[PDB]
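This document opens with one chain alone, in structure tokens, the form deposited in one PDB entry.
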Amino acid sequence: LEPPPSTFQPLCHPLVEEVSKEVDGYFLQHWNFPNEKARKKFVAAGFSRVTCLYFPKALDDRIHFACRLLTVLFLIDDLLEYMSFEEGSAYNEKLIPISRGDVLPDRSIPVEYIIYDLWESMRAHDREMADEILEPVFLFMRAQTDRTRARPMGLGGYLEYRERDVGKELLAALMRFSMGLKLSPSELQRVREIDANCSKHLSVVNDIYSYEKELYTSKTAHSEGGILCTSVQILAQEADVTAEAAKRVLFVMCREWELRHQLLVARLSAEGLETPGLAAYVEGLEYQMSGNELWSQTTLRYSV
């Protein structure tokens, strides 16, 4: 799959080697892997590497928190595939009071204490900004087991749902926390079109690269948890083409979203509405889009 031309230059956090070793090492000590094959596949995914490509301008003392959070969410994302919608919802819901710090974890259950200790450590570092990531994470968790996944969706409907299932808002709040980038309610409200556009590009670039993995999962994992819900399948069905053809067409649409990001950014600035915080923010989203694509193209999670 030859990607169409992009003007976006991906950037990777400078501490990726040291932080990846630290965070992978942490999960290798604490998380319950089924076998050595799984431990190896985990390290091969490079979950801290993707986090560093998402947030290349994170503060040096904050990037590890983001890596830990996205890593545990990737691990859970995979566990949910073997669960019903009801079981997966129960699993996620138990973690929500624990994430808030309202309920102590069972220390015999790694996901519980990993989640508790992580969020405790984020609030210890920056309470106000850590708290702002909680509701975005919960909205994402609740979308993951939403019954609407078992109903036919068109492309527009899917993209609207997928903004939650892809964790767009949690990634935004996490980016801001990791950069120490504070924005006012007025500033946040101003960039909602840019956010929605960026969400489509993240979602579809992921759908493109993750399709083979997800198709296999739909044939082998749980009938609800493993259900094939992706733009690749939707466009293939609507246009009556193969999945490979649908990827090529969707990648061209991703580049139209890149152009639209640039146009909206130029418009924010030409309307006199671009603040220094917002300029940092929308450039940050550009790194999410290009970082996600670069990792998705290289990671063994999708190629194997």
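One-based numbering along the sequence shown. Each form is matched to the other, and the largest set of C-alpha atoms that superpose within 1.5 Å is called the rigid core.
Participant: Among the other entries of this protein that were compared (only those with both neighbours built), does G156 lack coordinates in at least a third?
Facilitator: Result for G156: never missing in the compared entries.
Participant: Tell whether, across the other compared PDB entries, at least a third have no coordinates for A221.
Facilitator: That residue is missing from at least a third of the other compared entries.
Participant: May I ask you to compare 287 to 295 and 10 to 18 by their mean CA B factor in the entry and name the higher one?
Facilitator: That would be 10 to 18.
Participant: Give the stretch, out of 183 to 191 and 109 to 117, with the larger mean C-alpha temperature factor in the deposited entry.
Facilitator: Per the PDB record, 183 to 191.
Participant: By the CA temperature factor listed in this entry, which of these ranks top: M253, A270, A236, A58?
Facilitator: Across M253, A270, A236, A58, the entry lists the biggest C-alpha B-factor for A270.
Participant: With respect to the C-alpha temperature factors reported in the PDB entry, which of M141, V204, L228, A196 ranks highest?
Facilitator: It is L228.
Participant: Sort the modelled residues of this chain by their C-alpha B factor and say whether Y161 lands in the lowest, middle or highest third.
Facilitator: Answer is lowest: the recorded C-alpha B-factor places it there.
Participant: Sorting the chain's CA B-factors, does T51 end up in the lowest, middle or highest third?
Facilitator: Ranked within chain, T51 CA B lands in the lowest tercile.
Participant: Place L70 in the lowest, middle or highest third of its chain's C-alpha B-factors, as listed in the PDB entry.
Facilitator: Lowest third of the chain for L70's C-alpha B-factor.
Participant: In terms of the chain's CA B-factor thirds, is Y91 lowest, middle or highest?
Facilitator: Middle third of the chain for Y91's C-alpha B-factor.
Participant: Name the third of the chain's ranked CA B-factors that contains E81, choosing lowest, middle or highest.
Facilitator: Middle third by C-alpha B-factor.
Although it is not shown, the form deposited in another entry is what the next lines describe.
Participant: Give the option from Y113, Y161, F74, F138 whose C-alpha shifts by 2 Å or more between this form and the one not shown; the alignment is on the rigid core.
Facilitator: Residue with a C-alpha shift of 2 Å or more: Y161.
Participant: Once both forms sit on the same rigid core, is the C-alpha displacement of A45 at or above 2 Å between this form and the one not shown?
Facilitator: No, the C-alpha moves less than 2 Å.
Participant: Given a superposition on the rigid core, I'd like a yes or no on whether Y211 shifts its C-alpha by 2 Å or more between this form and the one not shown.
Facilitator: Yes; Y211 is a residue whose C-alpha shifts (by 2 Å or more) between this form and the one not shown when the cores are overlaid.
Participant: Taking the rigid core as the frame, does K94 move its C-alpha by 2 Å or more between this form and the one not shown?
Facilitator: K94 C-alpha, core-superposed: shift of less than 2 Å.
Participant: Just say closer or farther for the C-alpha distance from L139 to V166 in the other entry, relative to the shown form; it changes by 3 Å or more.
Facilitator: Result: closer.
Participant: Versus the form shown, are the CA atoms of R164 and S20 closer or farther apart in the other entry, given a shift of 3 angstroms or more?
Facilitator: Farther is correct, given that in the other entry the C-alpha spacing of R164 to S20 is increased by at least 3 Å.
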